[PDB]
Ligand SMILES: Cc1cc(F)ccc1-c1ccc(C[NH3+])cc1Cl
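Below you will find one chain, with nothing else, as structure tokens; this is the form solved without this ligand, and questions on how it binds or moves follow later.
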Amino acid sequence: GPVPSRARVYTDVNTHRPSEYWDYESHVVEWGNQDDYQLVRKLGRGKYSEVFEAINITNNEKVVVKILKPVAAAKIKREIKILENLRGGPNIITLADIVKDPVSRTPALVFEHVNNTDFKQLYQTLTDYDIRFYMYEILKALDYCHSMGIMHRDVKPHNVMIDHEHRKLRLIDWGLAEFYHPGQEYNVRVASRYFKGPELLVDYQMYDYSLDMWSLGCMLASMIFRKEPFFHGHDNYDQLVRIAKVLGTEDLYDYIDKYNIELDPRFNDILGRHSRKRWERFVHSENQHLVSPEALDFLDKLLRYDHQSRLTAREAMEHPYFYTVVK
């Protein structure tokens, strides 16, 4: 059977906290006043929630209200507990309140408002300096949540709200986030197809915080190479083939051999045999201004098949790529 795996960092944070911290099923919700909040306009819908621009009539401040569909299946408590654990962490969306929605009869999460500018207008229009700056701000969020025993599991441009005017970033949508417990097997049906780590795609369940660092590498590659998305799978199988056409099949086989993973036999007809490509093959006249030796070295150390070999968020923040960012 598969060889087990453990994170190389923050392995035992949860084992040493009182059950109060990670036992989200035991958590009792403190309800605020639903009458404090007036919905202004629908902003978005996902498969698990509807999001609204709202006003807090007690202070006239803009808020965002996320009304959970009942389909959450009660995992509302994990999201609430994670949001409360992380509250006030650097670049973590701030949960202001939890009220009972009178219509849905489900919890409505009240968040601070970020005046977001659209990613499809932003992340493919930023400067070299701004890519470095915002990546550093995302790393602060990821090292904070990892240090607090939490993996986000849905890092992608849509879950990063940026107020480009105030140089303000928040990591949002913690509805897939989970507490890391060493030796625990997790559901591989997390993250969005283009950001899914190889561990998910080969059905390796004993994964950890390092899944977020793969997702972040997918975001960086799309930004520096101006290619959305970078790994453009037609489905979850083709997603691994797209990765293997860049990183090569020999390192893929070494990875699944290390963890004693058997590839789905569906791959025998579609994977082929691929060399690792040099990152310079993706450089062209339209994206060269965003590419440096430091950018490629950093990307190279995120986009590794072996989840244990990837930079941690804290190691990533030490990388030369960020030396130019004002701290």
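Residue numbers run from 1 along the displayed sequence. Shifts are known only where both forms have a C-alpha. Basically, rigid core = biggest C-alpha set you can superpose within 1.5 Å across the two forms.
Omitted from view is the form solved in complex with this ligand, to which the following refers.
Visitor: Can you work out which of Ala191, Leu126, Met148, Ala96 has a heavy atom no more than 4.5 Å from this ligand in the entry with it bound?
Guide: When this ligand is considered in the entry with it bound, the option within 4.5 Å is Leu126.
Visitor: Among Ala141, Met213, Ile243, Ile162, which has any heavy atom within 4.5 Å of this ligand in the entry with it bound?
Guide: Looking at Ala141, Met213, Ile243, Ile162 one by one, just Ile162 meets the 4.5 Å heavy-atom criterion.
Visitor: Closest heavy atom of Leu86 to this ligand in the entry with it bound, within 4.5 Å or not?
Guide: Heavy-atom contact with this ligand at 4.5 Å: absent for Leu86.
Visitor: So in the entry with it bound, does any heavy atom of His274 sit within 4.5 Å of this ligand?
Guide: Taking the distances in the entry with it bound, the answer for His274 is no, it never comes within 4.5 Å of this ligand.
Visitor: Please run the contact check for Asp251 against this ligand in the entry with it bound: heavy atoms, 4.5 angstroms, yes or no?
Guide: Because no heavy atom of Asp251 falls inside 4.5 Å of this ligand in the entry with it bound, the answer is no.
Visitor: Looking at the partner-bound form in the entry with it bound, is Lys69 within 4.5 Å of this ligand by any heavy atom?
Guide: So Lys69 counts as contacting this ligand.
Visitor: Indicate whether the candidate residues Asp101, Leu122 and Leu296 are all in contact with this ligand in the entry with it bound, with contact defined as any heavy atom within 4.5 Å.
Guide: The answer is yes; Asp101, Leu122 and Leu296 each reach this ligand.
Visitor: What residues, if any, in 269 to 304 have a non-hydrogen atom within 4.5 angstroms of this ligand in the entry with it bound?
Guide: Residues within 4.5 Å: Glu280, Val283, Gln288, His289, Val291, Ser292, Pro293, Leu296.
Visitor: Is the shift of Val103 between the shown form and the other one large enough to count as movement, that is, does its C-alpha move by 2 Å or more after the core is superposed?
Guide: Stays below the 2 Å threshold, so no.
Visitor: Any chance the CA of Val246 moves 2 angstroms or more between the shown form and the other one, core superposed?
Guide: Result for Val246: no, shift under 2 Å.
Visitor: With both forms fit on the core, is the shift of the CA atom of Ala72 between the shown form and the other one 2 Å or larger?
Guide: True for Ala72: a C-alpha shift of 2 Å or more.
Visitor: Taking the cut-off of 3 Å or more as given, in which direction does the distance between the C-alpha atoms of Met206 and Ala74 change in the entry with it bound, closer or farther?
Guide: Here the pair is farther apart than in the entry with it bound; there, closer.
Visitor: Distance change of 3 Å or more between the C-alpha atoms of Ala74 and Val103 in the entry with it bound: closer or farther compared with this structure?
Guide: Farther, not closer.
Visitor: Which residue ranges, three or more long, have every Cα moving by 2 Å or more between the shown form and the other one relative to the rigid core?
Guide: Residues 71 to 74, 123 to 125 form the runs that move by 2 Å or more between the shown form and the other one.
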